[PDB]
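Visitor: First the structure, then my questions, so here it is.
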Amino acid sequence: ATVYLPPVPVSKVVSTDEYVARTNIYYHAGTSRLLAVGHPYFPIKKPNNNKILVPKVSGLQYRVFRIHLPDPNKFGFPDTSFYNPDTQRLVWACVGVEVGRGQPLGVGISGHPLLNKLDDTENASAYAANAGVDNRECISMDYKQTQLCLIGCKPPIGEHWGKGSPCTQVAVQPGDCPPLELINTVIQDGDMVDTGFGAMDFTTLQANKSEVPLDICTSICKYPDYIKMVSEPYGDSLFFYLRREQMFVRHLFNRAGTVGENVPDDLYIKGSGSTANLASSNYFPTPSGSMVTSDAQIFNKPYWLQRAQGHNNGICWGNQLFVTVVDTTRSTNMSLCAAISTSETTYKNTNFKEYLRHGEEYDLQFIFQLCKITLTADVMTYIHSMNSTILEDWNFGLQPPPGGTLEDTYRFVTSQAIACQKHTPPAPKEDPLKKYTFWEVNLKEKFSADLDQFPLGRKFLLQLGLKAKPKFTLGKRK
Amino acid sequence: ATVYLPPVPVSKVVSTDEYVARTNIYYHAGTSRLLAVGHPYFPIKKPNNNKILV
């Protein structure tokens, strides 16, 4: 520049598929399986202390991993360089991923010993059974079936309705629901999916703090904010998503507690008896999970990334991948027991102490394409306007210093002081993370160049070149 | 100093086959019917001997 920052773009934003050439050099990577054994309901901590002994792990929460990748320009190379390192720079493209489940078919389960529930109002049994002191019951559910996986390279955006706070312009008091304002935030590991009360916080909306389970009270519940993400052309925040979700209405119920609502008292006619009074108009549909089937598994089959939502196809502008997984369908909870004493020789429920765990597996197989971004002066100006940090990291002119001189604290040694001594010694240092809240997967040298002996690999050779297998695949008929 | 430095690859082992030439001679076999009729709730064993009753 000038002209001008550039032009044009904006408008029309140049794709990274017009000057970023693919190469036929392939490396292969994968993980060694991942296993995390939690307690979905709550983490089990030592209550004499504050540290976890069993974490919280669940498929009914987002499992969001921050994958850090090498860069090809760190290599000594096996000789993948035939040109000057300043006419081009190298970046990865990920062209296939399979995300495996090692968990059997069967659901996980959540519940609450005191879920806020009055009476049954699907078909009556009461108007109220209580409006004084207590009325909550032992009730469990498995939250709705959600399967989705989505892949990006910058952090995903979630939406949820946060607490818009009661206003005093229009009459809303405590004991009236607030106006609700949508407060959107990054999808991060440990966070709960939508429950079908809407996707909202429950940490400060809830004030009994015991309407719902131990798990969702203490999370933010979120719905994916597809909408802002698919409107970024580049799609660096995601360049792949899919979903399958469903839920059915188990039974209508009424919440524990009295109306806070204002009912116009002129939309009915008064009765006599039971029909004189009103129940609480705080009806809620009770939701419940769906039937699990092996034809609903979007997993253990490969998601290609040869093409992507974004201009991005896994192109490294940080050398990171974000992979978010939800699987509620193999999120088996396995039940077990240990006997408290062998002093009790009869069957007692004060003898054999039931315990639940959830075991969580994930494996990710990856095929990596080596790609290049060819740099001319004009290209370099576009990137500079785009994100300057990329140029510096690559290393590219024009840098000051010099620099110099003197220094201080001279001779001796100490020696007393003299001399100097100021002293004064440097670097706190401080501070931004940039962690933020993710299950760290380091890949740096799991990279390969054979892909005939990885299962993903074999299928990728089949798809790409129509060879090699190596001998044969399938049937026939069968 | 790094390491990596490709090499790379990991890894390449021999194909089970690549030179299996299928002869046009074929044979057939079979079993007559394999059957078993048990008890689905529990093995019924004879306690005096050690052998199944069902």
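In the structure tokens, the first chain shown is A, the next is B, and so on; residue numbers restart at 1 for each chain, and ligands run from 1 in the order shown.
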Could you give me the residues within segment 234-407 of chain A that DSSP places in alpha helix (DSSP H), as a list in words?
Guide: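 Alpha helix (DSSP H) members of segment 234-407 of chain A, listed: residues 377, 378, 379, 380, 381, 382, 383, 384, 385, 386, 387, 389, 390, 391, 392, 393 and 394 of chain A.
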Visitor: What residues in chain B lie within 12 Å of chain A, counting only C-alpha atoms, written as a PyMOL selection string?
Guide: chain B and resi 1-20
Visitor: Take the residues from that selection and put them in a file with N, CA and C atoms, as an mmCIF file, in the first residue's frame.
Guide:
```cif
data_model
loop_
_atom_site.group_PDB
_atom_site.id
_atom_site.type_symbol
_atom_site.label_atom_id
_atom_site.label_comp_id
_atom_site.auth_asym_id
_atom_site.auth_seq_id
_atom_site.Cartn_x
_atom_site.Cartn_y
_atom_site.Cartn_z
ATOM 1 N N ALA B 1 18.286 -28.635 18.799
ATOM 2 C CA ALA B 1 18.100 -29.004 17.377
ATOM 3 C C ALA B 1 17.189 -30.145 17.126
ATOM 4 N N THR B 2 16.318 -30.102 16.076
ATOM 5 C CA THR B 2 15.099 -30.818 15.991
ATOM 6 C C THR B 2 15.247 -31.678 14.758
ATOM 7 N N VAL B 3 14.874 -32.985 14.680
ATOM 8 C CA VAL B 3 14.275 -33.942 15.558
ATOM 9 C C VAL B 3 12.928 -33.406 15.945
ATOM 10 N N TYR B 4 11.971 -33.302 15.003
ATOM 11 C CA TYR B 4 11.991 -33.657 13.693
ATOM 12 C C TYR B 4 12.461 -32.561 12.754
ATOM 13 N N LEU B 5 12.849 -32.831 11.446
ATOM 14 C CA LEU B 5 13.654 -33.915 10.856
ATOM 15 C C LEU B 5 12.811 -35.208 10.853
ATOM 16 N N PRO B 6 11.752 -35.366 10.053
ATOM 17 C CA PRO B 6 11.656 -36.468 9.056
ATOM 18 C C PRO B 6 12.943 -37.165 8.636
ATOM 19 N N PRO B 7 13.292 -38.339 9.169
ATOM 20 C CA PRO B 7 12.535 -39.523 9.088
ATOM 21 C C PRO B 7 11.727 -39.519 10.392
ATOM 22 N N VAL B 8 10.372 -39.839 10.406
ATOM 23 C CA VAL B 8 9.435 -40.333 9.348
ATOM 24 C C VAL B 8 9.867 -41.500 8.637
ATOM 25 N N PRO B 9 9.048 -42.085 7.786
ATOM 26 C CA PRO B 9 7.673 -42.505 8.048
ATOM 27 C C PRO B 9 7.547 -43.411 9.299
ATOM 28 N N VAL B 10 6.308 -43.447 9.902
ATOM 29 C CA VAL B 10 5.965 -44.548 10.793
ATOM 30 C C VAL B 10 4.715 -45.091 10.222
ATOM 31 N N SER B 11 4.538 -46.362 9.722
ATOM 32 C CA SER B 11 5.578 -47.285 9.374
ATOM 33 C C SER B 11 4.956 -48.216 8.355
ATOM 34 N N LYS B 12 5.814 -49.085 7.729
ATOM 35 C CA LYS B 12 5.495 -49.836 6.593
ATOM 36 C C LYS B 12 5.966 -51.258 6.685
ATOM 37 N N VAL B 13 4.954 -52.104 6.867
ATOM 38 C CA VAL B 13 5.127 -53.544 6.993
ATOM 39 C C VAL B 13 4.472 -54.206 5.837
ATOM 40 N N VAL B 14 4.871 -55.430 5.534
ATOM 41 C CA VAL B 14 4.544 -56.252 4.469
ATOM 42 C C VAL B 14 3.134 -56.566 4.380
ATOM 43 N N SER B 15 2.657 -56.525 3.083
ATOM 44 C CA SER B 15 1.313 -57.007 2.687
ATOM 45 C C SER B 15 1.228 -58.551 2.890
ATOM 46 N N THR B 16 -0.013 -58.947 3.364
ATOM 47 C CA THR B 16 -0.281 -60.383 3.637
ATOM 48 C C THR B 16 -0.264 -61.193 2.364
ATOM 49 N N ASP B 17 -0.608 -60.480 1.281
ATOM 50 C CA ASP B 17 -0.687 -61.033 0.031
ATOM 51 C C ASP B 17 -0.503 -59.904 -0.973
ATOM 52 N N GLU B 18 -0.099 -60.409 -2.147
ATOM 53 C CA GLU B 18 0.158 -59.496 -3.312
ATOM 54 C C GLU B 18 0.464 -60.402 -4.528
ATOM 55 N N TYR B 19 0.511 -61.737 -4.349
ATOM 56 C CA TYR B 19 0.922 -62.621 -5.329
ATOM 57 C C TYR B 19 0.087 -63.917 -5.113
ATOM 58 N N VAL B 20 -1.218 -63.747 -4.884
ATOM 59 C CA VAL B 20 -2.071 -64.988 -4.574
ATOM 60 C C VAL B 20 -2.740 -65.190 -5.809
#
```
Visitor: Please return, as a ChimeraX atom specification, all residues of segment 276-449 of chain A that DSSP assigns to strand (DSSP E) on the basis of the backbone.
Guide: /A:283-288,302-304,320-327,333-339,352-374,441-442
Visitor: Pick out the residues sitting within 10 Å of residue 38 of chain B, and hand them over as a PyMOL selection string; count only C-alpha atoms, and ignore anything fewer than 4 positions along from it in its own chain.
Guide: chain B and resi 42-44+52-54
Visitor: Quick one: residues within 9 Å of residue 55 of chain A, only C-alpha atoms counted, chain neighbours fewer than 4 positions away excluded, as number ranges by chain?
Guide: A: 36-40, 42-45
Visitor: For a quick check of understanding, using only C-alpha atoms, which of A:24, A:164, A:360, A:86 has the smallest distance to residue 380 of chain A?
Guide: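 Going through A:24, A:164, A:360, A:86 one by one, the smallest distance to residue 380 of chain A is for A:86.
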Visitor: Between atom CA of residue 456 of chain A and atom CA of residue 323 of chain A, what is the spacing in Å?
Guide: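 Atom CA of residue 456 of chain A lies at a distance of 17.6 Å from atom CA of residue 323 of chain A.
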Visitor: Can you pull out the residues contacting segment 1-8 of chain A? Cut-off 9 Å, using only C-alpha atoms, and skip same-chain residues under 5 positions away; I want them as a list in words.
Guide: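 The filter keeps residues 13, 378, 381, 382 and 385 of chain A.
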Visitor: Take the residues from that selection and write them out as a CSV table (one decimal), in the first residue's frame, keeping N, CA, C and O atoms.
Guide:
```csv
chain,number,residue,atom,x,y,z
A,13,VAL,N,-13.7,-11.5,-0.6
A,13,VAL,CA,-12.6,-11.9,0.3
A,13,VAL,C,-12.0,-13.0,-0.4
A,13,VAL,O,-12.6,-14.1,-0.5
A,378,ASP,N,2.6,-8.4,-3.2
A,378,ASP,CA,1.2,-8.2,-3.2
A,378,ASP,C,0.4,-9.1,-2.2
A,378,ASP,O,-0.4,-8.6,-1.4
A,381,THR,N,1.3,-8.1,1.5
A,381,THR,CA,0.5,-6.9,1.8
A,381,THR,C,-0.8,-7.4,2.2
A,381,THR,O,-1.4,-6.9,3.2
A,382,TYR,N,-1.5,-8.3,1.5
A,382,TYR,CA,-2.8,-8.8,1.9
A,382,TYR,C,-2.8,-9.5,3.3
A,382,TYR,O,-3.7,-9.2,4.2
A,385,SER,N,-2.2,-6.9,6.2
A,385,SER,CA,-3.5,-6.3,6.5
A,385,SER,C,-4.5,-7.2,7.4
A,385,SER,O,-5.2,-6.9,8.3
```
Visitor: Calculated over only C-alpha atoms, which of the candidates A:178, A:228, A:141, A:344 has the smallest distance to residue 111 of chain A?
Guide: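 Comparing A:178, A:228, A:141, A:344 against residue 111 of chain A, the winner is A:141.
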Visitor: Extract, using only C-alpha atoms, all DNA, RNA and protein residues at most 10 Å from residue 260 of chain A, discarding same-chain residues fewer than 4 positions from it, and format them as JSON, numbers by chain.
Guide: {"A": [173, 174, 175, 176, 177, 280, 281, 282]}
Visitor: Skip residue 316 of chain A itself and residues of its chain fewer than 5 positions away, then list as a PyMOL selection string all residues within 9 Å of it, counting only C-alpha atoms.
Guide: chain A and resi 69+71+91-93+153+321
